[PDB]
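Tertiary structure, described
Single-letter residue listing:
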Amino acid sequence: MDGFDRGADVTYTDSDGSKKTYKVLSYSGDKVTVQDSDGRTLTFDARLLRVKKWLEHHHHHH
């Protein structure tokens, strides 16, 4: 449980460089069932799902 919610916007970028945002539908371990911008339902790895706001701005120093 990492804190993903249903309907949550996650950012996924394909190999083609396509930046697409999905909705989390259901969550199972390392796999997440999501819905695509077109409405396709897909299963991705949770490790592929980056939250809309990652720790980019709030990152504890460098």
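Residues numbered from 1 in each chain as written, not as in the entry; some residues may be left out. Heavy atoms only, no water.

- Method of structure determination, per the deposited record: solution NMR was used for this entry.

1. Side note on unusual backbone geometry
- Positive phi values are uncommon outside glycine, yet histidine 61 reaches one of about 65°.
- Here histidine 61 shows up in the segment after β5 (50-51). (Helix = DSSP H or I, 4+ residues; strand = E, 2+ residues; numbered from the N terminus.)

2. Side note on the packing of aromatic side chains
- Under the defined criterion, the tally for this structure stands at four aromatic pairs.
- With centroids separated by 5.7 Å and ring planes inclined at 20°, the aromatic side chains of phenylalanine 4 and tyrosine 27 adopt a geometry described as stacked. Taken as a pair, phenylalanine 4 in the segment before β1 (9-13) and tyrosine 27 in strand β2 (residues 19-28) lie far apart in primary sequence, 23 residues in all.
- Here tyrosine 12 and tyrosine 22 contribute two aromatic rings whose centre-to-centre distance is 5.6 Å and whose plane-to-plane angle is 75°, an arrangement assigned as edge-to-face. Residue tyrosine 12 is located in strand β1, and its partner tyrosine 22 is located in strand β2; the two are separated by ten residues in the primary sequence. For the residue pair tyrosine 12 and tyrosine 22, the accessibility class agrees, reading buried in each case.
- Cluster of aromatic residues (ring-pair linked, three or more members): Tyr12, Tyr22 and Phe44. (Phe/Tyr/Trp six-rings, centres within 6.5 Å; stacked < 30°, edge-to-face > 60°. Buried < 20%, exposed > 50% of the residue type's maximum accessible area, 1.4 Å probe, protein only.)

3. Some details on the pattern of salt bridges
- Summed over the entire model, instances satisfying the criterion amount to four salt bridges.
- A salt bridge links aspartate 36 to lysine 20; its shortest N-O distance comes to 3.6 Å. Taken together, the residues span a long stretch of sequence, with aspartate 36 in the loop between β3 (31-35) and β4 (41-45) and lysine 20 in strand β2 at a distance of 16 residues.
- For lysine 20, a relative accessible area of 26% corresponds to the partly exposed category. (Salt bridge = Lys/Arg side-chain N within 4 Å of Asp/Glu carboxyl O.)

4. A word on the pairing of β4
- Direction of pairing for β3 relative to β4: antiparallel, over a ladder of five bridges. Following the sheet pairing, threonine 33 is matched in β4 by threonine 43.
- Between β3 and β4, which pair antiparallel in sequence order, lie five residues; one of them, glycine 39, sits at a positive phi of approximately 105°. (Pairing = 2+ DSSP bridges.)

5. Focus on the environment of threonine 43
- Mapped onto the secondary structure, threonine 43 falls in strand β4.
- For the pair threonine 43 and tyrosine 12, spaced 31 residues apart in sequence, the C-alpha separation works out to 12 Å.
- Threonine 43 has contacts with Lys31, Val32 and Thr33, leaving out every residue within four places of it along the chain. (Contact = heavy atoms within 4.5 Å.)

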